[PDB]
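Visitor: I would like the atomic coordinates for the input below:
(one chain, ligands or ions: 4)
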Amino acid sequence: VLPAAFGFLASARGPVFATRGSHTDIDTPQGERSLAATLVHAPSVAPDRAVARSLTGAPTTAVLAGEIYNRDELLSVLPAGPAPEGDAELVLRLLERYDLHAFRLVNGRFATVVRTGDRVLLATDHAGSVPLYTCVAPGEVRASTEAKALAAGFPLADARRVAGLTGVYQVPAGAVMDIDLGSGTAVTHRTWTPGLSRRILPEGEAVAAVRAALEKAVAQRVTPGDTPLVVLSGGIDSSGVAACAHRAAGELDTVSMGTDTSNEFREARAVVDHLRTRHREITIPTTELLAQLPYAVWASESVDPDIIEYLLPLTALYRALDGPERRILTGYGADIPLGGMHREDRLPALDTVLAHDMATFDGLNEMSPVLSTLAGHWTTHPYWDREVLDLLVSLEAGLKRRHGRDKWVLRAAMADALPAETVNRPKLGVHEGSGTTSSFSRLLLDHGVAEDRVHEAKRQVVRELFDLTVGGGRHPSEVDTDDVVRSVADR
Ligand SMILES: Nc1ncnc2c1ncn2[C@@H]1O[C@H](COP(=O)(O)O)[C@@H](O)[C@H]1O
Ligand SMILES: N=C(N)NCCC[C@@H](C(=O)O)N1CCC1=O
Ligand SMILES: [Mg+2]
Ligand SMILES: [Mg+2]
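Guide: Residues are numbered from 1 along each chain as shown. Ligands and ions are numbered 1, 2, ... in the order given. See the structure here:
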């Protein structure tokens, strides 16, 4: 049900993560010139499948956090028949055949570090959905799924430095960093890049392809026998995912979050009734929502005020979940390739914003698994599935904004599976349906923070939280959001 590991801290030559779970140190056969690592994973899963060893080429050790979705495909290009036992061994098999190019073939939600001889490889999935950070110095390489574990040396080109940190870099999305341990030299190869050209397709085929892709992406994300949990908002995106997940599992559990300001329970109810899902509504006080601020920056390790604002309600929801650890699917990210913020018929502006968004998502960590695993829950997002993403991004603007409706192709793709009311439902940003942006603004406004200046205040606040939780090793619970807002408002 859950991946073999959520993250890790490794070194090639006392880990503390936001992620909740068991810790397991891997054995160090060649004790020495070996790959040491601490894996963080669910208490209910065996780390084994997240670790693979080999002698092909050299002594080799692979560690992988997360999971791969196009397994059948990758397996079809391998020689022998005895299939690898897990995703880490699968990667290993692929590396022995394509070398670092193996990552150009992977469609997944993972982060991995591999040591073969004195060579070290650091790879992320196409979207860098599972953040990966590193510190490289001649003779020593440290990699971790959380920068906070690395804050406790040389500069690396074609990698960005982490805010308020030194010698700590984030491996870019869709990339593989090839590091020679001896010289400490690092070379980065991109293994995926957003398509820039657009595809033309008749309505019927376009709508069918989108439906088929999403169904497949969702199917790849639901575990056989296990009923998944979908964070439902009543919007077309999460609703589209719910319909697909329900079909792949034959049943479905849903959940919706709301505040005392706002909610989308009504819109969500329409869908829970259409598919007859096991639904649950959660209402967290606005004051409780804002108190989540330090937890969001700590888990996401992001400094973008706008993203942190989008993550607040999600973070609160994951932490407020009751019951056993769940496999959660979301409809997050659908608006990006579809320009879900575009509100007119003039297509030009839609593509401009789309191209810009697709070129600047890396580093935001908005889809990081830590957002949910901080409470022991694993999340995956089918709309940013490589295949679904490639397709949605490639469609010509006229298929996204058509018939006076935004994200048209997606709405039409779920038409025969959801109520008409849900299909035509205008877009709403979870920030609007629960009043997160307004609440955060009101908080600053109630502290004296003037208007043409709340945004910058939100920046200073978020950045201050980061320096404390990520750079200073301070746990969110030990941080009082009000005190930080106070300090920032004084300016
Ligand atoms: N009020 C909510 N309760 C539960 N899940 C939500 C809620 N609002 C949004 N989500 C989830 O998070 C994603 C946010 O995307 P968006 O609505 O485009 O901002 C949706 O695709 C849902 O899966
Ligand atoms: N430029 C970006 N990377 N924007 C991300 C906004 C997320 C968007 C989504 O679901 O794609 N989203 C959150 C509410 C909403 O809309
Ligand atoms: Mg959406
Ligand atoms: Mg919404």
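
Visitor: Every contact and neighbour count from this point should use C-alpha atoms.
Guide: Noted.

Visitor: ranges for the helices of the stretch 251-400 of the chain?
Guide: 265-275, 286-290, 293-300, 305-320, 335-338, 348-360, 370-373, 386-394, 397-400 (DSSP state H, counting those that start in this stretch).

Visitor: Up against ligand 1, what does the stretch 201-350 of the chain have?
Guide: Taking CA under 6 Å from any ligand atom as the contact definition, the stretch 201-350 of the chain meets ligand 1 at 231-233, 237-238, 255-258, 263-264, 330-332, 335.

Visitor: So which of these are in strands?
Guide: Counting by DSSP state E, these place 231, 255-258 in strands.

Visitor: among the residues of the stretch 201-350 of the chain next to ligand 1, which are within reach of ligand 4?
Guide: Checked against ligand 4 using CA under 5 Å from the ion, these yield no neighbours at all.

Visitor: Tell me the most packed of those, by neighbour count.
Guide: residue 232 (31 neighbours; other CA atoms under 10 Å).

Visitor: I'd like the distance between that residue and ligand 2.
Guide: Separation of residue 232 from ligand 2 (CA to the nearest ligand atom, to the nearest Å): 12 Å.

Visitor: Smallest gap between the stretch 201-350 of the chain and ligand 2, at which residue?
Guide: At 3.1 Å from ligand 2, residue 333 is the closest residue in the stretch 201-350 of the chain, using CA to the nearest ligand atom.

Visitor: gap between that residue and ligand 4?
Guide: Separation of residue 333 from ligand 4 (CA to the ion, to the nearest Å) stands at 10 Å.

Visitor: Contact partners for that residue?
Guide: 381, 383-384 (CA atoms under 8 Å, 6 or more residues apart in numbering).

Visitor: Swap in 7 Å and give it another go.
Guide: Counting by CA atoms under 7 Å, 6 or more residues apart in numbering, residue 333 touches 383-384.

Visitor: Got phi/psi on the residue in the stretch 301-450 of the chain that ligand 1 sits nearest to?
Guide: Closest to ligand 1 within the stretch 301-450 of the chain is residue 331: 2.9 Å, counting by CA to the nearest ligand atom. The phi/psi pair for residue 331 (degrees, to the nearest 10) reads phi -110, psi 20.

Visitor: residue contacts, it?
Guide: 237-238, 241, 381, 383.

Visitor: Can you name the two of the residues you listed that sit furthest apart?
Guide: Maximum pairwise distance among those (CA to CA): 10.7 Å, between 237 and 381.

Visitor: residues in the stretch 351-491 of the chain within reach of ligand 2, list them.
Guide: Selection of the stretch 351-491 of the chain residues close to ligand 2 by CA under 6 Å from any ligand atom yields 357, 361, 429-430.

Visitor: what sits against the residue positioned nearest the centre of the chain?
Guide: Closest to where the C-alpha atoms of the chain average out (CA atoms, centre = their mean) is residue 367, at 2.4 Å. Going by CA under 7 Å, 6+ apart, residue 367 touches residue 129.

Visitor: Compute the distance between it and residue 301, please.
Guide: For residue 367, the distance to residue 301 equals 11 Å [CA to CA, to the nearest Å].

Visitor: for residue 425, same thing?
Guide: When residue 425 is compared with residue 301 (using CA to CA), they lie 33 Å apart.

Visitor: Next: residue 250.
Guide: According to CA to CA, residue 250 stands 36 Å off from residue 301.

Visitor: And for residue 336?
Guide: 21 Å.

Visitor: tell me the contacts of the closest residue to residue 379 other than its chain neighbours?
Guide: Counting by CA to CA, 6 or more residues apart in numbering, residue 379 lies nearest to residue 328, which is 4.7 Å off, once chain neighbours are set aside. Neighbouring residues of residue 328 by CA under 7 Å, 6+ apart: 228-230, 378-380.

Visitor: Which one (most neighbours) among those?
Guide: residue 230 (27 neighbours).

Visitor: Quickly note the distance from that residue to residue 152.
Guide: Using CA to CA, residue 230 is found at 36 Å from residue 152.

Visitor: follow-up on the earlier one: who does the residue nearest to residue 379 form a beta bridge with?
Guide: Residue 328 has these beta-bridge partners by DSSP bridges: residue 229, residue 379.

Visitor: cool, residue 189 as well?
Guide: With DSSP bridges as the criterion, residue 189 is bridged to residue 176.

Visitor: tally of neighbours for it?
Guide: With other CA under 10 Å as criterion, residue 189 counts 17.

Visitor: what's the domain layout of this structure?
Guide: The chain breaks down by curated CATH domains into domains covering 1-194, 195-489.

Visitor: Ends of the first one, what's the gap?
Guide: This means domain 1-194. Start-to-end, domain 1-194 (CA to CA) is 30 Å.

Visitor: does ligand 2 sit close to it?
Guide: No - taking CA under 6 Å from any ligand atom as the criterion, domain 1-194 and ligand 2 are apart, separated by no less than 11.1 Å.

Visitor: so how far is that domain from its chain's centroid?
Guide: 16 Å (CA atoms, centre = their mean, to the nearest Å).

Visitor: Find the residue closest to residue 155 in space, skipping its chain neighbours.
Guide: residue 167 (6.4 Å).

Visitor: need the contact list for that neighbour.
Guide: Contact partners of residue 167, counting by CA under 7 Å, 6+ apart, are 135, 153-155.

Visitor: Swap in 8 Å and give it another go.
Guide: Contacts of residue 167 by CA under 8 Å, 6+ apart are 135-136, 153-155, 161.

Visitor: Residue 286 too?
Guide: Counted by CA under 8 Å, 6+ apart, residue 286 has contacts 259-261, 439.

Visitor: Repeat that for residue 340.
Guide: Per CA under 8 Å, 6+ apart, neighbours of residue 340: 334, 406-407, 427.

Visitor: ok but residue 10 is inside a strand, no?
Guide: Yes - assessed with DSSP: H, G, I helix; E, B strand; the rest coil, residue 10 lies in a strand.

Visitor: Leaving out the residues flanking it, which one is nearest to it?
Guide: Per CA to CA, 6+ apart, closest to residue 10 is residue 37, 4.0 Å.

Visitor: before we move on, which element is the one you found in?
Guide: Taking DSSP states H and E as the definition, one finds residue 37 inside strand 35-41.

Visitor: strand partners of the next helix or strand after that strand, parallel vs antiparallel please.
Guide: Downstream of strand 35-41, the first helix or strand assigned by DSSP H and E is strand 51-54. When pairs are called by DSSP bridges, strand 51-54 turns out to pair with strand 60-68 (antiparallel).

Visitor: And the partner strand, what's buried?
Guide: Neighbour counts using 16 or more other CA atoms under 10 Å place 60-68 of strand 60-68 among the buried residues.

Visitor: What residues does the protein have near ligand 4?
Guide: So far as CA under 5 Å from the ion goes, the chain lies against ligand 4 at 235, 428-429.

Visitor: Swap in 6 Å and give it another go.
Guide: 233, 235, 427-430 (CA under 6 Å from the ion).

Visitor: Now tabulate those residues in JSON lines and tack on secondary structure and distance to residue 188.
Guide: Shown next, in JSON lines, are those (DSSP: H, G, I helix; E, B strand; the rest coil; distance: CA to CA, whole Å):
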{"residue": "233", "secondary structure": "coil", "distance to residue 188": "39"}
{"residue": "235", "secondary structure": "coil", "distance to residue 188": "39"}
{"residue": "427", "secondary structure": "coil", "distance to residue 188": "38"}
{"residue": "428", "secondary structure": "coil", "distance to residue 188": "38"}
{"residue": "429", "secondary structure": "coil", "distance to residue 188": "35"}
{"residue": "430", "secondary structure": "helix", "distance to residue 188": "36"}
